[PDB]
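Undergrad: Got a structure here, written out as C-alpha cells. Questions coming.
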Amino acid sequence: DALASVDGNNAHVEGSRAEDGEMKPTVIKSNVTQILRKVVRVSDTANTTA
Amino acid sequence: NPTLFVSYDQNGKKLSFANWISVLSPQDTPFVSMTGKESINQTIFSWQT
Amino acid sequence: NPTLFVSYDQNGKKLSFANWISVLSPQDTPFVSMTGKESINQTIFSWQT
Amino acid sequence: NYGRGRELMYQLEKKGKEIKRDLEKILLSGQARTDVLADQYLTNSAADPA
C-alpha cells in the first residue's frame, strides 16, 4: 500500500461540500515457486571399489 | 486511487469457502451388504450338488 | 489414470496471502518536530517586535 | 481482508498521517496569506458591513 500523492495545496473553506475524495486501494504482488533437482545414478560395483 | 473504499475496490479478500465438499453419489450396494463373505486360499473354488 | 494429481488441477488452492502490508511512505517530519505547539483562541494571531 | 481490520479505520489512519505531510510541506512553502479583509486587518472588529 501507499499514501496519497505528492501532498500540498490543502486549503479548504469552512464549508466546502466534500467531493468524494479518491482514496486508492492496495497493490497485490505474487510469485511462484521453482523446483531444483539433482539426480545421481551410481552402480553397485562402483559403490564397493577403493 | 479513490478516497471512498468500495467492495469492488478491495484487493485483499478471504473467499470464505464452504469448508467441505458435497459428494452426492450413491454408495448403497444392496447386494454386497448381504451375502456374507468367505475366505479361501486358491484362485478357484468349487461346490457339489 | 495419472500417477499423481498436480497443483494445476486443484479446484481449491487456498490463496495463502501475507498477514502484513508494506508502506514506503516517509513520515519523518523534521520541521514540525522542532517548533513547539501553542494554543490560541482567535483565528487571527499577532505579535509585536 | 488479510492485513486489514476494516476499510474505514484503515483508510482513516492513512489520512491521519497524510495530513501531517500536507502540513509540513505547506509551512515551508512560499505561499502568502489570503487577506480577504481588504485593508481591514488593521481593526479587531469585522470589516465593513458590505
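Here, A, B, ... name the chains of the C-alpha cells in the order displayed, residue numbers run from 1 inside each chain, and ligands are numbered from 1 in the same displayed order.
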May I have a table of the residues of chain D lying at most 9 Å from chain C, giving each one's closest pair of atoms and their distance in Å to one decimal, counting only C-alpha atoms, ordered by chain and ascending residue number, as CSV?

TA:
```
residue,atom,partner,partner_atom,distance
D:2,CA,C:19,CA,5.6
D:3,CA,C:20,CA,4.8
D:4,CA,C:20,CA,8.2
D:17,CA,C:27,CA,7.6
D:18,CA,C:27,CA,8.5
D:20,CA,C:29,CA,7.8
D:21,CA,C:27,CA,6.9
D:23,CA,C:32,CA,8.5
D:24,CA,C:32,CA,6.4
D:27,CA,C:32,CA,8.8
D:28,CA,C:31,CA,8.6
D:41,CA,C:44,CA,8.9
```

Undergrad: Can you write out the residues you just picked, keeping C-alpha atoms, as a compact mmCIF listing (two decimals), in the first residue's frame?

TA:
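In the end it all went to selection_15.txt:
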```txt
# COMPACT_ATOMS: atom_id res chain seq x y z
CA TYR D 2 -5.72 -10.21 5.21
CA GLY D 3 -3.71 -7.26 6.51
CA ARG D 4 -6.64 -5.02 7.41
CA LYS D 17 -0.77 10.66 8.52
CA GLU D 18 -1.16 12.28 5.09
CA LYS D 20 0.80 15.73 8.67
CA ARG D 21 2.71 15.53 5.39
CA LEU D 23 1.06 20.47 6.90
CA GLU D 24 4.86 20.46 6.86
CA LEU D 27 4.62 25.58 6.39
CA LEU D 28 7.81 25.51 4.30
CA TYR D 41 -6.95 43.59 9.23
```

Undergrad: List the spatial neighbours of residue 34 in chain D as a PDB file with N, CA, C and O atoms, in the first residue's frame - criterion: any atom at most 12 Å away, only C-alpha atoms, same-chain residues fewer than 3 positions off excluded.

TA:
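Saved as around_7.pdb:
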```
ATOM      1  N   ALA A  11      -6.063  23.841   1.288  1.00  0.00           N
ATOM      2  CA  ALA A  11      -6.746  24.979   1.890  1.00  0.00           C
ATOM      3  C   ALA A  11      -8.215  24.892   1.524  1.00  0.00           C
ATOM      4  O   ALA A  11      -8.571  25.040   0.350  1.00  0.00           O
ATOM      5  N   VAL A  13     -12.312  26.017   2.443  1.00  0.00           N
ATOM      6  CA  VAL A  13     -13.194  26.950   3.128  1.00  0.00           C
ATOM      7  C   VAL A  13     -13.944  26.225   4.240  1.00  0.00           C
ATOM      8  O   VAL A  13     -14.040  24.991   4.271  1.00  0.00           O
TER       9      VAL A  13
ATOM     10  N   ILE C  44      -7.111  35.059  14.079  1.00  0.00           N
ATOM     11  CA  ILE C  44      -6.020  35.951  13.709  1.00  0.00           C
ATOM     12  C   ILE C  44      -5.170  36.178  14.951  1.00  0.00           C
ATOM     13  O   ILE C  44      -5.629  36.776  15.931  1.00  0.00           O
TER      14      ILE C  44
ATOM     15  N   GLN D  31       3.855  30.291  -0.019  1.00  0.00           N
ATOM     16  CA  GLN D  31       2.508  30.821  -0.158  1.00  0.00           C
ATOM     17  C   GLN D  31       2.290  31.979   0.806  1.00  0.00           C
ATOM     18  O   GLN D  31       2.687  31.923   1.974  1.00  0.00           O
ATOM     19  N   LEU D  37      -9.843  40.507   4.118  1.00  0.00           N
ATOM     20  CA  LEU D  37     -10.370  41.678   4.808  1.00  0.00           C
ATOM     21  C   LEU D  37     -10.272  42.939   3.960  1.00  0.00           C
ATOM     22  O   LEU D  37     -11.037  43.883   4.187  1.00  0.00           O
ATOM     23  N   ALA D  38      -9.356  42.977   2.995  1.00  0.00           N
ATOM     24  CA  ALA D  38      -9.216  44.112   2.083  1.00  0.00           C
ATOM     25  C   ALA D  38      -8.956  45.406   2.859  1.00  0.00           C
ATOM     26  O   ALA D  38      -9.750  46.350   2.842  1.00  0.00           O
ATOM     27  N   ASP D  39      -7.816  45.429   3.552  1.00  0.00           N
ATOM     28  CA  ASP D  39      -7.362  46.598   4.296  1.00  0.00           C
ATOM     29  C   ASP D  39      -8.190  46.835   5.556  1.00  0.00           C
ATOM     30  O   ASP D  39      -8.344  47.975   5.999  1.00  0.00           O
ATOM     31  N   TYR D  41      -7.720  44.265   8.196  1.00  0.00           N
ATOM     32  CA  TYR D  41      -6.948  43.591   9.234  1.00  0.00           C
ATOM     33  C   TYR D  41      -6.512  44.551  10.329  1.00  0.00           C
ATOM     34  O   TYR D  41      -6.264  44.118  11.459  1.00  0.00           O
TER      35      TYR D  41
END
```

Undergrad: What are the residues of chain B that have an atom within 9 Å of an atom of chain C, counting only C-alpha atoms, as a list in words?

TA: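 So the residues of chain B near chain C are residues 12, 14 and 15 of chain B.
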
Undergrad: Please build the interface table for chain A against chain C with a cut-off of 9 Å, listing for each qualifying residue the nearest atom pair and the distance in Å to one decimal; count only C-alpha atoms, order rows by chain and increasing number, and write it as a tab-separated table.

TA:
```
residue	atom	partner	partner_atom	distance
A:1	CA	C:23	CA	5.1
A:2	CA	C:23	CA	5.3
A:3	CA	C:25	CA	6.2
A:26	CA	C:21	CA	8.8
A:30	CA	C:17	CA	8.9
```

Undergrad: Given the selection you just returned, output its residues as a file containing N, CA and C atoms, formatted as a tab-separated table (two decimals), in the first residue's frame.

TA:
```tsv
chain	number	residue	atom	x	y	z
A	1	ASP	N	0.83	-1.19	0.00
A	1	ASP	CA	0.00	0.00	0.00
A	1	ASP	C	0.87	1.25	0.00
A	2	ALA	N	0.23	2.38	-0.30
A	2	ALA	CA	0.92	3.66	-0.32
A	2	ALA	C	-0.05	4.76	0.09
A	3	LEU	N	0.50	5.86	0.57
A	3	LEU	CA	-0.31	7.00	0.99
A	3	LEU	C	-0.72	7.80	-0.25
A	26	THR	N	-4.91	-1.09	-2.28
A	26	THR	CA	-3.58	-1.67	-2.21
A	26	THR	C	-3.16	-2.20	-3.57
A	30	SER	N	2.43	-11.10	-6.50
A	30	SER	CA	2.51	-12.53	-6.28
A	30	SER	C	3.71	-13.10	-7.02
```

Undergrad: Which residues are near residue 29 in chain D? Cut-off 12 Å, only C-alpha atoms, ignore same chain within fewer than 6 positions. Put them as number ranges by chain.

TA: A: 7-10; D: 22-23

Undergrad: Keeping only N, CA and C atoms, write the selected residues to a file as a JSON list (two decimals), in the first residue's frame.

TA:
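The resulting file, selection_33.json, is shown below:
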```
[["chain", "number", "residue", "atom", "x", "y", "z"],
["A", 7, "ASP", "N", 1.84, 15.64, -1.60],
["A", 7, "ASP", "CA", 0.93, 16.49, -0.86],
["A", 7, "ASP", "C", 1.22, 17.97, -1.13],
["A", 8, "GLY", "N", 0.29, 18.81, -0.71],
["A", 8, "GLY", "CA", 0.42, 20.25, -0.85],
["A", 8, "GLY", "C", -0.88, 20.86, -1.34],
["A", 9, "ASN", "N", -1.00, 22.18, -1.14],
["A", 9, "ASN", "CA", -2.16, 22.94, -1.57],
["A", 9, "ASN", "C", -3.44, 22.40, -0.93],
["A", 10, "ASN", "N", -3.44, 22.39, 0.40],
["A", 10, "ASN", "CA", -4.58, 21.93, 1.19],
["A", 10, "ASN", "C", -5.14, 23.13, 1.93],
["D", 22, "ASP", "N", 0.96, 16.99, 4.51],
["D", 22, "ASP", "CA", 0.45, 18.21, 3.91],
["D", 22, "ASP", "C", 0.85, 19.43, 4.72],
["D", 23, "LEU", "N", 0.77, 19.32, 6.05],
["D", 23, "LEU", "CA", 1.06, 20.47, 6.90],
["D", 23, "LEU", "C", 2.49, 20.95, 6.72]]
```
